[PDB]
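1. Partial complex here, more coming in a sec:
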Amino acid sequence: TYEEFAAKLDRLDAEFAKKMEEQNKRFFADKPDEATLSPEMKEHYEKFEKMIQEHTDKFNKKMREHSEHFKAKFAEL
C-alpha cells in the first residue's frame, strides 16, 4: 500500500516535469531566423531561455520536496 503511494507520487512528478520539459523544448525551435536577431536580441533570447530552465528546475525540485514530505506523513500513519 505504501509502495503504491510513493510510486504514484513519483509518477505524478515525472508527468509534471515532462509537461514543462516538452514546452521548453519545442518553444526554442520556434524562434525567429538567425539573420533577423541582433546580437543583443540573441543575448536577450539566451537569458530568456536560461531563466526558464532555472525556474523549471526550481519547480521540479520543489515538487519532489513536497512529495517526500507527503511520503513521510503517510508512513508515520
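-> Noted; the coordinates are in hand. Residues are numbered from 1 along each chain as shown, chains lettered A, B, ... in the order given.

2. Give me the neighbour count for residue A:16.
-> Counted with other CB atoms under 10 Å, the neighbours of residue A:16 add up to 13. Yep, even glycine has a C-beta here, placed from its N, CA and C like the rest.

3. Centroid-nearest residue for chain A?
-> residue A:56 (3.6 Å; CA atoms, centre = their mean).

4. so it makes contact with residue A:24?
-> Yes: using CB atoms under 8 Å, residue A:56 is in contact with residue A:24, at 6.2 Å.

5. pretty sure residue A:70 contacts residue A:8?
-> No: applying CB under 8 Å as the test, residue A:70 and residue A:8 come out as separate, 10.2 Å apart.

6. ok so, going back, can you give me the buried ones in the helix or strand hosting the residue nearest to the centre of chain A?
-> Counting by DSSP states H and E, the element that carries residue A:56 is helix A:39-76. For helix A:39-76, burial by neighbour count (16 or more other CB atoms under 10 Å) applies to A:60, A:67.

7. let's put chain B on the structure above:
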Amino acid sequence: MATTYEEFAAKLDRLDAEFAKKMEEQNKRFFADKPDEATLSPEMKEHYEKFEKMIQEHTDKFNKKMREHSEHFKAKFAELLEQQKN
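-> Chain B, in position alongside the others:
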C-alpha cells in the same frame, strides 16, 4: 505583435487545461482501482481516504503553481517581444 502574444497565451492556457484534465482523469481511474468496500475495515477505509486526499492535494497544489509558472512565462515572453518590437 498583439495577436502573436494573445495566440501564445491562449496556447499555454489550452495546454494547461488539457494537462489538468489529463491529471484529473488518471487520478480518477487510479483511485477507482481499490478493493471492494465490503472487504475494507473502517481502519482501511480511513487510510484509503487519506491516501486519495494526499495524492489529490499534491496534484491541485502544483496545478496552481504550474499556472503560476505560466503567468511568469507569459510576462517574460511579452517583455521579450517588446524588446523585439523596439
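
8. can you check the buried residues of helix A:39-76 again with chain B included?
-> For helix A:39-76, the neighbour count (16 or more other CB atoms under 10 Å in any protein chain shown) marks A:44-45, A:48, A:52, A:55-56, A:59-60, A:63, A:66-67, A:70, A:74 as buried.

9. So which of those reach chain B?
-> A:44, A:45, A:48, A:52, A:55, A:56, A:59, A:63, A:66, A:67, A:70, A:74 (CB under 8 Å from any CB of the partner chain).

10. Spell out which residues sit in contact with the last one, please.
-> Under the criterion of CB atoms under 8 Å, 6 or more residues apart in numbering or on different chains, the contact partners of residue A:74 comprise A:2, A:5, B:50, B:51, B:54.

11. Then the first one?
-> Contacts for residue A:44 were tallied using CB under 8 Å, 6+ apart; they are B:80, B:83.

12. Show me which residues of chain A are close to chain B?
-> So far as CB under 8 Å from any CB goes, chain A lies against chain B at A:1, A:5, A:8-9, A:12, A:15-16, A:19-20, A:23, A:32, A:40-41, A:44-45, A:48, A:51-52, A:55-56, A:59, A:62-63, A:66-67, A:70, A:73-74, A:77.
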